[PDB]
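Quick notes on the structure that follows.
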Amino acid sequence: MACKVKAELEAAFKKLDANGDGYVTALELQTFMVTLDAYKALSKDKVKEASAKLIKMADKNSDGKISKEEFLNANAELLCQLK
């Protein structure tokens with residue numbers, strides 16, 4: 001009952017830059033967010049063209065980021081497309 005659902009952002013964040021030293025994390029998400037703070041570059045696939053290279057440094061089978069990241073990273077990505 002305590003609290004609820006929403007802090008899911010704390011997972012990716014706390015995992016994205018909990019210590020940041022040499023592990024692929026949001027450290028790039030910032031660039032992603034800065035490069036497309038509004039995912040205004042997905043659909044076509046201009047998002048993977050940059051993530052694919054960034055994912056090759058940690059994202060090979062789902063290790064880089066798995067949580068709010070996928071939430072926010074998939075939020076617009078999975079939500080992208082429409083009128």
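Chain labels follow the order of the structure tokens: the first chain is A, the next B, and so on; residue numbering restarts at 1 in every chain, and ligands are counted from 1 in their shown order.
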
Using only C-alpha atoms, which protein or nucleic acid residues come within 9 Å of region 63-71 of chain A? Drop anything in the same chain fewer than 6 positions from it, and give the result as a short mmCIF file (atom, residue, chain, number, x, y, z; two decimals) with N, CA and C atoms, in the first residue's frame.
data_model
loop_
_atom_site.label_atom_id
_atom_site.label_comp_id
_atom_site.auth_asym_id
_atom_site.auth_seq_id
_atom_site.Cartn_x
_atom_site.Cartn_y
_atom_site.Cartn_z
N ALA A 7 7.75 6.45 -9.34
CA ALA A 7 9.17 6.64 -9.08
C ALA A 7 10.02 5.82 -10.03
N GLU A 8 9.36 5.11 -10.94
CA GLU A 8 10.06 4.27 -11.91
C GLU A 8 11.21 5.04 -12.56
N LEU A 9 11.14 6.36 -12.49
CA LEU A 9 12.17 7.22 -13.06
C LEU A 9 13.43 7.15 -12.21
N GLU A 10 13.25 6.85 -10.94
CA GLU A 10 14.36 6.76 -10.00
C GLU A 10 15.23 5.54 -10.28
N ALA A 11 14.65 4.55 -10.96
CA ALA A 11 15.37 3.33 -11.28
C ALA A 11 16.43 3.57 -12.33
N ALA A 12 16.01 4.13 -13.45
CA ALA A 12 16.91 4.43 -14.55
C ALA A 12 17.92 5.50 -14.15
N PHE A 13 17.44 6.50 -13.44
CA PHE A 13 18.29 7.58 -12.98
C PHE A 13 19.35 7.04 -12.02
N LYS A 15 20.23 4.22 -11.76
CA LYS A 15 21.01 3.21 -12.47
C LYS A 15 21.74 3.84 -13.65
N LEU A 16 21.21 4.97 -14.11
CA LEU A 16 21.81 5.68 -15.23
C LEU A 16 23.08 6.40 -14.78
N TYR A 23 30.44 3.01 -17.22
CA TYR A 23 29.36 2.12 -17.60
C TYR A 23 28.26 2.87 -18.35
N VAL A 24 28.08 2.51 -19.61
CA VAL A 24 27.08 3.12 -20.46
C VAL A 24 25.77 3.34 -19.72
N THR A 25 25.39 4.60 -19.61
CA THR A 25 24.16 4.97 -18.92
C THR A 25 23.56 6.24 -19.50
N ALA A 26 22.58 6.80 -18.80
CA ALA A 26 21.93 8.03 -19.24
C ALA A 26 22.97 9.08 -19.62
N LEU A 29 22.05 9.54 -22.43
CA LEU A 29 20.64 9.87 -22.47
C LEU A 29 20.50 11.38 -22.49
N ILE A 55 24.74 1.71 -27.96
CA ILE A 55 24.27 0.47 -27.36
C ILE A 55 25.30 -0.65 -27.54
N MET A 57 28.22 -0.45 -26.85
CA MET A 57 29.18 -0.32 -25.77
C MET A 57 28.62 -0.88 -24.47
N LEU A 78 8.22 4.21 -28.01
CA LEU A 78 7.09 3.29 -28.15
C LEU A 78 5.80 4.06 -28.37
#

One decimal, in Å: what's the spacing between CA of residue 27 (chain A) and CA of residue 6 (chain A)?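 So the two atoms, CA of residue 27 (chain A) and CA of residue 6 (chain A), lie 21.7 Å apart.
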
As a short mmCIF file (atom, residue, chain, number, x, y, z; two decimals) with N, CA and C atoms, in the first residue's frame, please: the residues near residue 80 (chain A) (cut-off 8 Å, only C-alpha atoms, same-chain neighbours under 5 positions excluded).
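Now in part25.cif:
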data_model
loop_
_atom_site.label_atom_id
_atom_site.label_comp_id
_atom_site.auth_asym_id
_atom_site.auth_seq_id
_atom_site.Cartn_x
_atom_site.Cartn_y
_atom_site.Cartn_z
N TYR A 39 12.29 13.62 -28.44
CA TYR A 39 12.32 12.50 -29.37
C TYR A 39 11.94 12.96 -30.77
N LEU A 42 12.82 10.50 -33.92
CA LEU A 42 12.64 9.06 -33.96
C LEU A 42 11.92 8.64 -35.24
N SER A 43 10.76 7.99 -35.07
CA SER A 43 9.97 7.54 -36.21
C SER A 43 10.86 6.92 -37.29
N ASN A 75 9.17 5.37 -23.84
CA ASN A 75 7.98 6.20 -23.68
C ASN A 75 7.61 6.86 -24.99
#
